[PDB]
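**Student:** First, the structure itself, so that you have it in front of you.
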Ligand SMILES: CCNCc1nnnn1/C=C/c1cccc(-c2ccccc2)c1C
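Protein chains in written order, with PDB author numbering: chain B, 4 to 121; chain A, 4 to 120.
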């Protein structure tokens, strides 16, 4: 169980930059993939669905296609790290990470996107 | 595998009646309390937190204090049944059941409240 903990509740980013938003969870030794579920969401649009190690491209929302990815490397450290490359204005909003790894919690994260200033 | 399934996505209810909204989940005739978590929420108000056998009373928001309860009887049958008694207009809105039982899924249910005159 415990609690999902978030380093930063707000990320302010540049248009066309990259960002990695993070949700930490209690890990403790190795990662038992059978126990792990990570869902990232915003505005009820599926960004990531990780289910015991399974991800399907097809479930992802098109706006996030080929840009958002979950850094599997950080998962073993108890860090659900969503990385979105080439941040779009439309990506501004509230993100929900939902994690289960022997008990479950969710946190909300806000994103503000600065204009490109053409 | 794990998918939360809802009989009714909308409930239209009477003011001052009771309602019971339900979220079904896969149980294999097993029903391991230690594994099960049920969170009911609406408009970011915690209604129920069933955690590992017990209802957590403390975290329930005081608007749903003596009114919302989880039907424990149904849980064994893979049915997270939130019952709220004496429905107020304020109880109209979108409910989110989050269930974790060896894997995890959520669904939204909308509630519309009638009062005839
Ligand atoms: C359909 C395939 N299954 C995966 C899936 N699909 N939609 N959502 N989802 C997973 C959701 C999830 C994942 C982890 C924890 C919690 C959760 C549980 C209780 C409290 C807080 C958070 C939830 C609700």
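Note that CB positions come from ideal geometry on N, CA and C, so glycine has one too.
Any beta carbon from chain A within less than 8 Å of residue 106 of chain B's own beta carbon?
**Tutor:** As a first step, residue 106 of chain B must be located in the first chain, where it is residue number 103. It does: the Cβ of residue 106 of chain B has a partner Cβ on chain A nearer than 8 Å.
**Student:** Around ligand 1, which residues pass a check of Cβ closer than 6 Å to any of its heavy atoms?
**Tutor:** B/40, B/42, B/52, B/54, B/101, B/102, B/103, B/107, B/108, B/109, A/5, A/6, A/40, A/42, A/101, A/103, A/107, A/108, A/109
**Student:** Is residue 7 of chain A close to chain B? Criterion is C-beta to C-beta, closer than 8 Å.
**Tutor:** Here the question's residue 7 of chain A lines up with position 4 in the second chain. No - not a single Cβ of chain B is within 8 Å of the one on residue 7 of chain A.
**Student:** What is the rounded straight-line gap between the Cα of residue 107 of chain A and the Cα of residue 80 of chain A?
**Tutor:** Start at 1 with the first residue of the second chain, and residue 107 of chain A comes out as number 104. Start at 1 with the first residue of the second chain, and residue 80 of chain A comes out as number 77. Taking the straight line joining both Cα atoms gives about 17 Å.
**Student:** How long is the line joining the alpha carbons of residue 101 of chain A and residue 72 of chain B, rounded to whole angstroms?
**Tutor:** In the second chain, counting from the first residue as 1, residue 101 of chain A sits at position 98. In the first chain, counting from the first residue as 1, residue 72 of chain B sits at position 69. Residue 101 of chain A and residue 72 of chain B have their C-alpha atoms roughly 24 Å apart.
**Student:** Would you call the stretch 14-30 of chain A in contact with the stretch 32-40 of chain B, where contact means no fewer than 3 C-beta pairs closer than 8 Å?
**Tutor:** no
**Student:** Using a C-beta to C-beta distance shorter than 7 Å, which residues of chain A count as neighbours of residue 40 of chain B?
**Tutor:** To locate residue 40 of chain B, count along the first chain from 1; it is residue 37. Correct list: 106, 107.
**Student:** Please list, in chain order, all residues of the same chain as residue 99 of chain A whose beta carbon is under 7 Å from its beta carbon, the five residues on each side excluded.
**Tutor:** For the purposes of this step, residue 99 of chain A is identified with residue 96 of the second chain, where counting begins at 1. Cβ within range, chain order: 44, 45, 109, 111.
**Student:** Cutting at 6 Å between CB atoms, please list the residues of its own chain near residue 39 of chain A, excluding the five before and the five after it.
**Tutor:** Taking the first residue of the second chain as 1, we reach residue 39 of chain A at position 36. Correct list, in chain order: 104.
**Student:** Quick one: is residue 62 of chain A near chain B, going by C-beta distance under 8 Å?
**Tutor:** For the purposes of this step, residue 62 of chain A is taken as residue 59 along the second chain, with counting starting at 1. No - not a single Cβ of chain B is within 8 Å of the one on residue 62 of chain A.
**Student:** In this structure, what does DSSP give as the bridge partners for residue 86 of chain B?
**Tutor:** Residue mapping note: residue 86 of chain B aligns to position 83 of the first chain, counting from 1. DSSP links residue 86 of chain B through a beta bridge to B/23, B/72.
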